[PDB]
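Structure file start23.pdb (PDB, C-alpha atoms) is printed below.
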ATOM      1  CA  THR A   1      10.029 -25.179  78.388
ATOM      2  CA  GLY A   2      10.354 -28.889  79.125
ATOM      3  CA  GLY A   3       7.245 -28.714  81.288
ATOM      4  CA  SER A   4       4.423 -26.476  82.493
ATOM      5  CA  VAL A   5       5.398 -22.921  83.441
ATOM      6  CA  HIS A   6       3.448 -22.193  86.613
ATOM      7  CA  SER A   7       5.952 -19.783  88.027
ATOM      8  CA  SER A   8       5.321 -16.148  87.292
ATOM      9  CA  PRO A   9       8.130 -14.402  85.404
ATOM     10  CA  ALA A  10      10.292 -11.665  86.858
ATOM     11  CA  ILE A  11      12.000  -9.053  84.682
ATOM     12  CA  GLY A  12      15.546  -7.870  85.298
ATOM     13  CA  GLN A  13      16.763  -4.330  84.785
ATOM     14  CA  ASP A  14      18.193  -5.212  81.356
ATOM     15  CA  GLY A  15      14.927  -6.880  80.362
ATOM     16  CA  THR A  16      15.998 -10.468  81.017
ATOM     17  CA  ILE A  17      12.991 -12.655  81.831
ATOM     18  CA  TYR A  18      13.441 -15.192  84.615
ATOM     19  CA  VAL A  19      10.929 -17.960  85.155
ATOM     20  CA  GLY A  20      10.793 -21.378  86.759
ATOM     21  CA  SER A  21       9.454 -24.529  85.192
ATOM     22  CA  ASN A  22       8.129 -27.909  86.280
ATOM     23  CA  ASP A  23      11.095 -29.396  84.414
ATOM     24  CA  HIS A  24      13.120 -28.295  87.521
ATOM     25  CA  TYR A  25      15.065 -25.478  85.780
ATOM     26  CA  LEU A  26      15.163 -21.750  86.344
ATOM     27  CA  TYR A  27      15.344 -20.085  82.917
ATOM     28  CA  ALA A  28      16.886 -16.725  82.034
ATOM     29  CA  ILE A  29      15.542 -15.595  78.666
ATOM     30  CA  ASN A  30      16.765 -12.629  76.653
ATOM     31  CA  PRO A  31      14.093 -10.164  75.487
ATOM     32  CA  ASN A  32      14.589 -11.439  71.924
ATOM     33  CA  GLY A  33      13.348 -14.871  73.018
ATOM     34  CA  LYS A  34      16.697 -16.661  73.043
ATOM     35  CA  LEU A  35      17.920 -18.593  76.053
ATOM     36  CA  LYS A  36      20.519 -16.800  78.177
ATOM     37  CA  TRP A  37      21.042 -19.698  80.598
ATOM     38  CA  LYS A  38      19.171 -22.337  82.561
ATOM     39  CA  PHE A  39      19.914 -23.436  86.133
ATOM     40  CA  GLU A  40      18.934 -26.909  87.340
ATOM     41  CA  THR A  41      17.443 -27.215  90.821
ATOM     42  CA  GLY A  42      16.339 -30.385  92.588
ATOM     43  CA  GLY A  43      12.577 -30.224  92.020
ATOM     44  CA  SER A  44       9.857 -28.211  90.312
ATOM     45  CA  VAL A  45      10.167 -24.445  90.675
ATOM     46  CA  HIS A  46       6.734 -23.400  91.971
ATOM     47  CA  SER A  47       8.102 -20.157  93.383
ATOM     48  CA  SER A  48       8.174 -17.038  91.311
ATOM     49  CA  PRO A  49      11.657 -15.514  91.190
ATOM     50  CA  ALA A  50      12.538 -12.213  92.832
ATOM     51  CA  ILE A  51      15.436 -10.012  91.745
ATOM     52  CA  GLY A  52      17.689  -8.214  94.197
ATOM     53  CA  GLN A  53      19.162  -4.754  93.899
ATOM     54  CA  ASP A  54      22.464  -6.258  92.726
ATOM     55  CA  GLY A  55      20.700  -8.488  90.182
ATOM     56  CA  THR A  56      20.736 -11.712  92.222
ATOM     57  CA  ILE A  57      17.806 -13.994  91.363
ATOM     58  CA  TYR A  58      16.082 -15.719  94.281
ATOM     59  CA  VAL A  59      13.680 -18.598  93.872
ATOM     60  CA  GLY A  60      12.328 -21.380  96.031
ATOM     61  CA  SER A  61      12.293 -24.970  94.895
ATOM     62  CA  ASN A  62      10.394 -28.057  95.898
ATOM     63  CA  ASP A  63      13.696 -29.592  97.028
ATOM     64  CA  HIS A  64      13.228 -27.367 100.146
ATOM     65  CA  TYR A  65      15.990 -24.880  99.200
ATOM     66  CA  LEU A  66      15.837 -21.158  98.581
ATOM     67  CA  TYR A  67      18.289 -20.560  95.737
ATOM     68  CA  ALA A  68      20.298 -17.406  95.103
ATOM     69  CA  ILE A  69      21.597 -17.353  91.511
ATOM     70  CA  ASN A  70      24.049 -14.819  90.096
ATOM     71  CA  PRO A  71      23.004 -12.996  86.908
ATOM     72  CA  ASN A  72      25.428 -15.182  84.920
ATOM     73  CA  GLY A  73      23.578 -18.306  86.033
ATOM     74  CA  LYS A  74      25.978 -19.656  88.623
ATOM     75  CA  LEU A  75      24.835 -20.558  92.098
ATOM     76  CA  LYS A  76      25.548 -17.882  94.667
ATOM     77  CA  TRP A  77      24.208 -19.829  97.662
ATOM     78  CA  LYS A  78      21.356 -22.101  98.687
ATOM     79  CA  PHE A  79      19.536 -21.896 102.017
ATOM     80  CA  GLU A  80      17.869 -24.813 103.818
TER      81      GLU A  80
ATOM     82  CA  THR B   1      14.217 -24.804 104.572
ATOM     83  CA  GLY B   2      12.512 -27.534 106.586
ATOM     84  CA  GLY B   3      10.033 -28.046 103.763
ATOM     85  CA  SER B   4       9.093 -27.012 100.232
ATOM     86  CA  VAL B   5       9.361 -23.296  99.451
ATOM     87  CA  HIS B   6       6.264 -22.509  97.404
ATOM     88  CA  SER B   7       6.003 -18.933  98.512
ATOM     89  CA  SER B   8       7.636 -16.399  96.261
ATOM     90  CA  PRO B   9      10.357 -14.319  97.929
ATOM     91  CA  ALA B  10      10.098 -10.607  98.581
ATOM     92  CA  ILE B  11      13.166  -8.375  98.870
ATOM     93  CA  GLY B  12      13.471  -5.632 101.466
ATOM     94  CA  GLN B  13      15.155  -2.298 100.898
ATOM     95  CA  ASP B  14      18.369  -3.524 102.553
ATOM     96  CA  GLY B  15      18.326  -6.675 100.428
ATOM     97  CA  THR B  16      16.850  -9.003 103.046
ATOM     98  CA  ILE B  17      14.990 -11.888 101.402
ATOM     99  CA  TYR B  18      11.703 -12.915 102.995
ATOM    100  CA  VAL B  19      10.013 -16.160 102.057
ATOM    101  CA  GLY B  20       7.501 -18.566 103.532
ATOM    102  CA  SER B  21       7.877 -22.302 103.800
ATOM    103  CA  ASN B  22       5.678 -25.363 104.201
ATOM    104  CA  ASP B  23       7.481 -25.919 107.508
ATOM    105  CA  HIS B  24       5.171 -23.102 108.809
ATOM    106  CA  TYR B  25       7.923 -20.453 109.214
ATOM    107  CA  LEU B  26       8.467 -17.101 107.574
ATOM    108  CA  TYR B  27      12.211 -16.738 106.942
ATOM    109  CA  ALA B  28      14.243 -13.532 106.743
ATOM    110  CA  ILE B  29      17.542 -14.266 105.008
ATOM    111  CA  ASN B  30      20.481 -11.897 104.703
ATOM    112  CA  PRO B  31      21.871 -11.376 101.186
ATOM    113  CA  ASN B  32      24.955 -13.385 102.196
ATOM    114  CA  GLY B  33      22.750 -16.451 102.696
ATOM    115  CA  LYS B  34      22.737 -16.480 106.493
ATOM    116  CA  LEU B  35      19.529 -16.589 108.491
ATOM    117  CA  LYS B  36      18.435 -13.258 109.973
ATOM    118  CA  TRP B  37      15.401 -14.674 111.796
ATOM    119  CA  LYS B  38      12.501 -17.069 111.374
ATOM    120  CA  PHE B  39       8.925 -16.506 112.563
ATOM    121  CA  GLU B  40       6.641 -19.455 113.314
ATOM    122  CA  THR B  41       3.030 -19.234 112.156
ATOM    123  CA  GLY B  42       0.283 -21.801 112.659
ATOM    124  CA  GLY B  43       0.282 -23.496 109.249
ATOM    125  CA  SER B  44       2.047 -23.552 105.895
ATOM    126  CA  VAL B  45       2.826 -20.141 104.425
ATOM    127  CA  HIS B  46       1.364 -20.344 100.906
ATOM    128  CA  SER B  47       1.166 -16.568 100.621
ATOM    129  CA  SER B  48       4.025 -14.593  99.226
ATOM    130  CA  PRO B  49       5.116 -11.831 101.602
ATOM    131  CA  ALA B  50       4.641  -8.145 100.860
ATOM    132  CA  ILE B  51       6.746  -5.384 102.399
ATOM    133  CA  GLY B  52       5.290  -2.095 103.574
ATOM    134  CA  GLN B  53       6.787   1.355 103.272
ATOM    135  CA  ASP B  54       7.981   1.156 106.888
ATOM    136  CA  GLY B  55       9.477  -2.311 106.346
ATOM    137  CA  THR B  56       6.635  -4.337 107.886
ATOM    138  CA  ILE B  57       6.341  -7.812 106.345
ATOM    139  CA  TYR B  58       2.821  -9.065 105.635
ATOM    140  CA  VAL B  59       2.014 -12.662 104.841
ATOM    141  CA  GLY B  60      -1.031 -14.887 104.947
ATOM    142  CA  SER B  61      -0.985 -18.281 106.576
ATOM    143  CA  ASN B  62      -3.108 -21.375 106.332
ATOM    144  CA  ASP B  63      -4.101 -20.852 109.976
ATOM    145  CA  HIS B  64      -6.489 -18.178 108.547
ATOM    146  CA  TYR B  65      -4.456 -15.191 109.833
ATOM    147  CA  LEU B  66      -2.834 -12.338 107.967
ATOM    148  CA  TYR B  67       0.408 -11.687 109.845
ATOM    149  CA  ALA B  68       2.219  -8.369 110.157
ATOM    150  CA  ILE B  69       5.833  -8.922 111.262
ATOM    151  CA  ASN B  70       8.276  -6.185 112.250
ATOM    152  CA  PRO B  71      11.648  -6.147 110.460
ATOM    153  CA  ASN B  72      13.282  -7.566 113.609
ATOM    154  CA  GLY B  73      11.051 -10.633 113.427
ATOM    155  CA  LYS B  74       8.590  -9.876 116.194
ATOM    156  CA  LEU B  75       4.868 -10.004 115.621
ATOM    157  CA  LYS B  76       3.312  -6.614 115.026
ATOM    158  CA  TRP B  77      -0.283  -7.860 114.759
ATOM    159  CA  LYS B  78      -2.345 -10.680 113.294
ATOM    160  CA  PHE B  79      -5.719 -10.224 111.606
ATOM    161  CA  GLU B  80      -8.513 -12.815 111.493
TER     162      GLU B  80
ATOM    163  CA  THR C   1      -9.791 -14.159 108.259
ATOM    164  CA  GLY C   2     -12.739 -16.541 108.028
ATOM    165  CA  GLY C   3     -10.600 -18.970 106.053
ATOM    166  CA  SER C   4      -7.112 -19.661 104.720
ATOM    167  CA  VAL C   5      -5.273 -16.681 103.228
ATOM    168  CA  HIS C   6      -3.594 -18.039 100.108
ATOM    169  CA  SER C   7      -3.664 -14.795  98.224
ATOM    170  CA  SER C   8      -0.559 -12.686  98.481
ATOM    171  CA  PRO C   9      -1.120  -9.210  99.935
ATOM    172  CA  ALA C  10      -0.720  -5.998  97.986
ATOM    173  CA  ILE C  11       0.121  -2.691  99.670
ATOM    174  CA  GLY C  12      -1.505   0.585  98.683
ATOM    175  CA  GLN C  13       0.244   3.934  98.623
ATOM    176  CA  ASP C  14      -1.172   4.848 102.049
ATOM    177  CA  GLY C  15      -0.066   1.498 103.460
ATOM    178  CA  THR C  16      -3.436  -0.251 103.250
ATOM    179  CA  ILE C  17      -2.992  -4.017 102.931
ATOM    180  CA  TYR C  18      -5.302  -5.799 100.505
ATOM    181  CA  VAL C  19      -5.603  -9.564 100.509
ATOM    182  CA  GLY C  20      -8.074 -12.202  99.409
ATOM    183  CA  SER C  21      -9.334 -15.084 101.478
ATOM    184  CA  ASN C  22     -10.928 -18.483 100.953
ATOM    185  CA  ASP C  23     -13.933 -17.087 102.827
ATOM    186  CA  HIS C  24     -14.720 -15.312  99.481
ATOM    187  CA  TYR C  25     -13.921 -11.756 100.691
ATOM    188  CA  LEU C  26     -11.329  -9.239  99.608
ATOM    189  CA  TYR C  27     -10.045  -7.502 102.753
ATOM    190  CA  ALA C  28      -8.628  -3.989 103.063
ATOM    191  CA  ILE C  29      -6.683  -3.725 106.316
ATOM    192  CA  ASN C  30      -5.262  -0.552 107.818
ATOM    193  CA  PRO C  31      -1.571  -0.649 108.787
ATOM    194  CA  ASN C  32      -2.620  -0.658 112.457
ATOM    195  CA  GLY C  33      -4.310  -4.031 111.929
ATOM    196  CA  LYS C  34      -7.911  -2.828 111.953
ATOM    197  CA  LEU C  35     -10.330  -3.674 109.174
ATOM    198  CA  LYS C  36     -10.953  -0.878 106.668
ATOM    199  CA  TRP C  37     -13.552  -2.801 104.648
ATOM    200  CA  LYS C  38     -14.287  -6.214 103.189
ATOM    201  CA  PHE C  39     -15.807  -6.920  99.767
ATOM    202  CA  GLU C  40     -17.713 -10.149  99.117
ATOM    203  CA  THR C  41     -17.116 -11.918  95.809
ATOM    204  CA  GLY C  42     -18.752 -15.109  94.570
ATOM    205  CA  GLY C  43     -16.010 -17.638  95.336
ATOM    206  CA  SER C  44     -12.578 -18.001  96.906
ATOM    207  CA  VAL C  45     -10.094 -15.277  96.004
ATOM    208  CA  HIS C  46      -7.051 -17.230  94.784
ATOM    209  CA  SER C  47      -5.736 -14.242  92.853
ATOM    210  CA  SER C  48      -3.409 -11.788  94.461
ATOM    211  CA  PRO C  49      -4.701  -8.223  94.160
ATOM    212  CA  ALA C  50      -3.022  -5.580  92.023
ATOM    213  CA  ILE C  51      -3.363  -1.845  92.616
ATOM    214  CA  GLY C  52      -3.764   0.659  89.807
ATOM    215  CA  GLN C  53      -2.262   4.108  89.529
ATOM    216  CA  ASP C  54      -5.553   5.638  90.701
ATOM    217  CA  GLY C  55      -5.796   3.208  93.632
ATOM    218  CA  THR C  56      -8.272   0.766  92.064
ATOM    219  CA  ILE C  57      -7.850  -2.777  93.407
ATOM    220  CA  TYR C  58      -8.083  -5.598  90.866
ATOM    221  CA  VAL C  59      -8.483  -9.225  91.817
ATOM    222  CA  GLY C  60      -9.691 -12.388  90.153
ATOM    223  CA  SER C  61     -12.192 -14.686  91.778
ATOM    224  CA  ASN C  62     -13.173 -18.289  91.332
ATOM    225  CA  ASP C  63     -16.625 -17.101  90.230
ATOM    226  CA  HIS C  64     -14.883 -16.367  86.866
ATOM    227  CA  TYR C  65     -14.932 -12.555  87.288
ATOM    228  CA  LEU C  66     -12.101 -10.058  87.390
ATOM    229  CA  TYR C  67     -13.187  -7.485  89.971
ATOM    230  CA  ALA C  68     -12.256  -3.809  90.037
ATOM    231  CA  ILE C  69     -12.896  -2.334  93.501
ATOM    232  CA  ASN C  70     -12.671   1.351  94.399
ATOM    233  CA  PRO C  71     -10.442   2.276  97.358
ATOM    234  CA  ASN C  72     -13.571   2.823  99.483
ATOM    235  CA  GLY C  73     -14.620  -0.784  98.930
ATOM    236  CA  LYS C  74     -17.405  -0.327  96.414
ATOM    237  CA  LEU C  75     -17.477  -2.248  93.173
ATOM    238  CA  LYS C  76     -16.190  -0.279  90.218
ATOM    239  CA  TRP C  77     -16.853  -2.983  87.611
ATOM    240  CA  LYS C  78     -16.591  -6.725  87.085
ATOM    241  CA  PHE C  79     -15.389  -8.366  83.875
ATOM    242  CA  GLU C  80     -16.456 -11.797  82.602
TER     243      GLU C  80
ATOM    244  CA  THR D   1     -13.978 -14.534  82.075
ATOM    245  CA  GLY D   2     -14.897 -17.895  80.568
ATOM    246  CA  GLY D   3     -13.389 -19.639  83.578
ATOM    247  CA  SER D   4     -11.782 -19.125  86.980
ATOM    248  CA  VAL D   5      -9.236 -16.306  87.218
ATOM    249  CA  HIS D   6      -6.410 -17.723  89.317
ATOM    250  CA  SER D   7      -3.715 -15.645  87.739
ATOM    251  CA  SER D   8      -2.874 -12.435  89.512
ATOM    252  CA  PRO D   9      -3.347  -9.293  87.410
ATOM    253  CA  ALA D  10      -0.526  -7.056  86.263
ATOM    254  CA  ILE D  11      -1.045  -3.369  85.482
ATOM    255  CA  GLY D  12       0.570  -1.653  82.515
ATOM    256  CA  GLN D  13       1.852   1.901  82.510
ATOM    257  CA  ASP D  14      -1.347   3.161  80.852
ATOM    258  CA  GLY D  15      -3.466   1.292  83.394
ATOM    259  CA  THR D  16      -4.288  -1.716  81.220
ATOM    260  CA  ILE D  17      -4.991  -4.784  83.359
ATOM    261  CA  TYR D  18      -3.564  -8.076  82.126
ATOM    262  CA  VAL D  19      -4.687 -11.364  83.607
ATOM    263  CA  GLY D  20      -4.783 -15.014  82.635
ATOM    264  CA  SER D  21      -7.757 -17.311  82.869
ATOM    265  CA  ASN D  22      -8.477 -21.028  83.032
ATOM    266  CA  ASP D  23     -10.319 -20.564  79.733
ATOM    267  CA  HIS D  24      -6.771 -20.506  78.193
ATOM    268  CA  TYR D  25      -6.778 -16.781  77.258
ATOM    269  CA  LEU D  26      -4.633 -13.888  78.379
ATOM    270  CA  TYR D  27      -6.913 -10.849  78.728
ATOM    271  CA  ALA D  28      -5.985  -7.182  78.355
ATOM    272  CA  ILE D  29      -8.684  -5.055  79.974
ATOM    273  CA  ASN D  30      -8.979  -1.284  79.768
ATOM    274  CA  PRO D  31      -9.350   0.563  83.089
ATOM    275  CA  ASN D  32     -12.986   1.288  82.185
ATOM    276  CA  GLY D  33     -13.711  -2.451  82.251
ATOM    277  CA  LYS D  34     -13.951  -3.009  78.502
ATOM    278  CA  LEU D  35     -11.939  -5.679  76.736
ATOM    279  CA  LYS D  36      -8.869  -4.420  74.872
ATOM    280  CA  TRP D  37      -7.911  -7.824  73.451
ATOM    281  CA  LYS D  38      -7.618 -11.483  74.375
ATOM    282  CA  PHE D  39      -4.819 -13.850  73.337
ATOM    283  CA  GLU D  40      -5.420 -17.602  73.143
ATOM    284  CA  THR D  41      -2.703 -19.899  74.474
ATOM    285  CA  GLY D  42      -2.695 -23.693  74.499
ATOM    286  CA  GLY D  43      -3.714 -24.366  78.106
ATOM    287  CA  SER D  44      -4.769 -22.660  81.323
ATOM    288  CA  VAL D  45      -2.753 -19.582  82.254
ATOM    289  CA  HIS D  46      -1.682 -20.285  85.848
ATOM    290  CA  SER D  47       1.200 -17.831  85.615
ATOM    291  CA  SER D  48       0.740 -14.233  86.547
ATOM    292  CA  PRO D  49       1.841 -11.906  83.747
ATOM    293  CA  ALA D  50       4.876  -9.648  83.995
ATOM    294  CA  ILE D  51       5.327  -6.473  81.962
ATOM    295  CA  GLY D  52       8.635  -5.460  80.429
ATOM    296  CA  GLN D  53      10.113  -2.000  80.157
ATOM    297  CA  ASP D  54       8.930  -1.776  76.539
ATOM    298  CA  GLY D  55       5.427  -2.969  77.468
ATOM    299  CA  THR D  56       5.829  -6.609  76.399
ATOM    300  CA  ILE D  57       3.615  -8.959  78.425
ATOM    301  CA  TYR D  58       5.178 -12.252  79.513
ATOM    302  CA  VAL D  59       3.183 -15.161  80.848
ATOM    303  CA  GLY D  60       3.668 -18.882  81.236
ATOM    304  CA  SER D  61       1.087 -21.376  80.097
ATOM    305  CA  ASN D  62       0.329 -24.971  80.898
ATOM    306  CA  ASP D  63       1.173 -25.842  77.283
ATOM    307  CA  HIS D  64       4.835 -25.556  78.465
ATOM    308  CA  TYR D  65       5.514 -22.244  76.655
ATOM    309  CA  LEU D  66       6.569 -18.879  78.004
ATOM    310  CA  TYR D  67       4.693 -16.358  75.863
ATOM    311  CA  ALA D  68       5.823 -12.846  74.982
ATOM    312  CA  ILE D  69       2.867 -10.765  73.751
ATOM    313  CA  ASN D  70       3.103  -7.284  72.245
ATOM    314  CA  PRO D  71       0.914  -4.573  73.807
ATOM    315  CA  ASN D  72      -1.426  -4.793  70.794
ATOM    316  CA  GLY D  73      -2.094  -8.457  71.535
ATOM    317  CA  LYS D  74      -0.017 -10.108  68.843
ATOM    318  CA  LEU D  75       2.489 -12.802  69.651
ATOM    319  CA  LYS D  76       6.046 -11.547  69.860
ATOM    320  CA  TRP D  77       7.638 -14.951  70.513
ATOM    321  CA  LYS D  78       7.110 -18.146  72.478
ATOM    322  CA  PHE D  79       9.865 -20.039  74.286
ATOM    323  CA  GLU D  80       9.926 -23.796  74.926
TER     324      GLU D  80
END
As structure tokens, please, write out the structure in this file.
Amino acid sequence: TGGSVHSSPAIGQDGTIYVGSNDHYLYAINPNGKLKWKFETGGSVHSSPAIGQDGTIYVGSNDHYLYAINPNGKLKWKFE
Amino acid sequence: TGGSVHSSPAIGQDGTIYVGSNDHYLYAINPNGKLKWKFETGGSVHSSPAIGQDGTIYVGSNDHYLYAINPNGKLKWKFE
Amino acid sequence: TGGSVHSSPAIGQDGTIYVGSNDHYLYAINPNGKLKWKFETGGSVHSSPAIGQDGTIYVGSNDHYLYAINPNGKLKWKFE
Amino acid sequence: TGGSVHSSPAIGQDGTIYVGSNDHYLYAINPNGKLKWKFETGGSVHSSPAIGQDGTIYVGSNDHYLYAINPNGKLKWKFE
């Protein structure tokens, strides 16, 4: 990615790999290694994502928000 | 949250999202993005929570305690 | 514990909570909050433990070893 | 390992233990404590590995890449 990947990846039920980066994005990567989408947060993503039963991706950011991202990469909500 | 969210979220069986914050609280967030409860520890929560088979939430804190929190947000015990 | 708990806890099949500490020990805590055992490593335990299918607890330490601990708290092996 | 093990281990379905090290390698360790293989990345592995449904091991590295490693230790792809 654009920067160091400190976040630990989480795997969705279809095999999608989600991981944060110090370049401030949450990445969703297809199992073939091609980008599915990237979601820009405010700061570095030092949280490792967690996946909900309905596929929602949750990750903390250094901008003080907990993000909930839909599986298509659009923001579901952010909590401060 | 009040501060950076470094802790990685854990998801309960009902979808509740638990995550620590540098503002010293453990948060329980409903899947709709509304706060369920917050639990104040002594220091920053740099541990990622783990959920037991009975729903108990365990998380370490920088105050040197391992916390066990009931699913309703009340302290079950703390271990030093 | 003796020091900050940065490690994220892992839960065994019987509910035992395993977590590392900056006081250099891996703790095994019963769900009632009483100590089961503690295992001394060389340095701080900044790795979060993982539990194998046979109950073995694996954790990295800052002494450069990956530890494998039996569920009764005795060393199974260490890898450098 | 050659250096501190900060990464948290992941366990494969056959019991293989995967863990990163500050010596820049991802290790695959058999449950008997013998090395299966090691994979050299560019920098320290501060990400904890995740294992896919087909056994692929994913881990971030400080060289800015997300690595996908086959269970036999050969690179599947790297994403930047």
Could you list, as number ranges by chain, every residue matched by the ChimeraX specification (/A :<6) & /D in this structure? D: 46-48, 50, 60-62, 64-65, 80
Interatomic distance, atom CA of residue C:67 to atom CA of residue C:26 (Å, one decimal):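 Between these atoms lies a distance of 10.0 Å.
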Would you mind reading off the distance between atom CA of residue B:57 and atom CA of residue C:57, one decimal, in Å?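 Straight-line distance from atom CA of residue B:57 to atom CA of residue C:57 works out to 19.9 Å.
Residues selected in this file by the PyMOL selection byres ((chain A and resi 41) around 6) comprise residues 24, 25, 40, 42 and 43 of chain A.
The space separating atom CA of residue B:55 from atom CA of residue B:71 comes to 6.0 Å.
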For the structure shown, which residues end up in the PyMOL selection byres ((chain D and resi 38) around 6)? Put them as a list in words, please?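 Applied to this file, the PyMOL selection byres ((chain D and resi 38) around 6) selects residues 26, 27, 37 and 39 of chain D.
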Mind dumping the selected residues with C-alpha atoms as an mmCIF file, in the frame of the given file?
data_model
loop_
_atom_site.group_PDB
_atom_site.id
_atom_site.type_symbol
_atom_site.label_atom_id
_atom_site.label_comp_id
_atom_site.auth_asym_id
_atom_site.auth_seq_id
_atom_site.Cartn_x
_atom_site.Cartn_y
_atom_site.Cartn_z
ATOM 1 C CA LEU D 26 -4.633 -13.888 78.379
ATOM 2 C CA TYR D 27 -6.913 -10.849 78.728
ATOM 3 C CA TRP D 37 -7.911 -7.824 73.451
ATOM 4 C CA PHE D 39 -4.819 -13.850 73.337
#
Return the padded bounding box of stretch 3-21 of chain B as lines of an AutoDock Vina configuration file: axis-aligned, built from all atoms listed in the file, 5 Å added on each side, with centre and edge lengths in Å to one decimal.
center_x = 12.2
center_y = -15.2
center_z = 100.0
size_x = 22.4
size_y = 35.7
size_z = 17.5
If we count all atoms listed in the file and set the cut-off at 6 Å, which residues sit around residue B:70, ignoring sequence neighbours fewer than 4 positions away in its own chain? Please answer as a VMD selection string. chain B and resid 56 74 76
Taking all atoms listed in the file into account, name the residue in D:66, D:52, D:45, D:28 that is nearest to residue C:79.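 The answer is D:28, which sits nearest to residue C:79.
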Would you mind writing stretch 46-57 of chain D with N, CA, C and O atoms, as a PDB file, in the frame of the given file?
ATOM      1  N   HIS D  46      -1.857 -20.350  84.398  1.00  0.00           N
ATOM      2  CA  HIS D  46      -1.682 -20.285  85.848  1.00  0.00           C
ATOM      3  C   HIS D  46      -0.517 -19.414  86.266  1.00  0.00           C
ATOM      4  O   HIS D  46      -0.175 -19.378  87.451  1.00  0.00           O
ATOM      5  N   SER D  47       0.097 -18.720  85.327  1.00  0.00           N
ATOM      6  CA  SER D  47       1.200 -17.831  85.615  1.00  0.00           C
ATOM      7  C   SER D  47       0.618 -16.427  85.700  1.00  0.00           C
ATOM      8  O   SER D  47      -0.381 -16.119  85.045  1.00  0.00           O
ATOM      9  N   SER D  48       1.184 -15.619  86.558  1.00  0.00           N
ATOM     10  CA  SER D  48       0.740 -14.233  86.547  1.00  0.00           C
ATOM     11  C   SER D  48       1.620 -13.436  85.601  1.00  0.00           C
ATOM     12  O   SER D  48       2.848 -13.573  85.641  1.00  0.00           O
ATOM     13  N   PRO D  49       1.034 -12.615  84.745  1.00  0.00           N
ATOM     14  CA  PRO D  49       1.841 -11.906  83.747  1.00  0.00           C
ATOM     15  C   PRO D  49       2.819 -10.930  84.380  1.00  0.00           C
ATOM     16  O   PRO D  49       2.614 -10.423  85.486  1.00  0.00           O
ATOM     17  N   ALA D  50       3.907 -10.676  83.657  1.00  0.00           N
ATOM     18  CA  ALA D  50       4.876  -9.648  83.995  1.00  0.00           C
ATOM     19  C   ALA D  50       5.020  -8.741  82.789  1.00  0.00           C
ATOM     20  O   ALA D  50       4.888  -9.188  81.651  1.00  0.00           O
ATOM     21  N   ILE D  51       5.267  -7.460  83.035  1.00  0.00           N
ATOM     22  CA  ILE D  51       5.327  -6.473  81.962  1.00  0.00           C
ATOM     23  C   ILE D  51       6.750  -5.945  81.861  1.00  0.00           C
ATOM     24  O   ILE D  51       7.353  -5.549  82.869  1.00  0.00           O
ATOM     25  N   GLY D  52       7.285  -5.934  80.643  1.00  0.00           N
ATOM     26  CA  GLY D  52       8.635  -5.460  80.429  1.00  0.00           C
ATOM     27  C   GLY D  52       8.698  -3.952  80.293  1.00  0.00           C
ATOM     28  O   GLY D  52       7.689  -3.251  80.247  1.00  0.00           O
ATOM     29  N   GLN D  53       9.929  -3.445  80.229  1.00  0.00           N
ATOM     30  CA  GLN D  53      10.113  -2.000  80.157  1.00  0.00           C
ATOM     31  C   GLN D  53       9.539  -1.426  78.868  1.00  0.00           C
ATOM     32  O   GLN D  53       9.094  -0.275  78.846  1.00  0.00           O
ATOM     33  N   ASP D  54       9.495  -2.218  77.803  1.00  0.00           N
ATOM     34  CA  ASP D  54       8.930  -1.776  76.539  1.00  0.00           C
ATOM     35  C   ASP D  54       7.457  -2.148  76.387  1.00  0.00           C
ATOM     36  O   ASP D  54       6.894  -1.997  75.296  1.00  0.00           O
ATOM     37  N   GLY D  55       6.831  -2.641  77.459  1.00  0.00           N
ATOM     38  CA  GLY D  55       5.427  -2.969  77.468  1.00  0.00           C
ATOM     39  C   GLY D  55       5.097  -4.406  77.131  1.00  0.00           C
ATOM     40  O   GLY D  55       3.922  -4.786  77.223  1.00  0.00           O
ATOM     41  N   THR D  56       6.085  -5.212  76.729  1.00  0.00           N
ATOM     42  CA  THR D  56       5.829  -6.609  76.399  1.00  0.00           C
ATOM     43  C   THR D  56       5.264  -7.334  77.611  1.00  0.00           C
ATOM     44  O   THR D  56       5.702  -7.108  78.743  1.00  0.00           O
ATOM     45  N   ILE D  57       4.275  -8.194  77.371  1.00  0.00           N
ATOM     46  CA  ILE D  57       3.615  -8.959  78.425  1.00  0.00           C
ATOM     47  C   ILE D  57       4.111 -10.395  78.349  1.00  0.00           C
ATOM     48  O   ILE D  57       4.011 -11.034  77.295  1.00  0.00           O
TER      49      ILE D  57
END
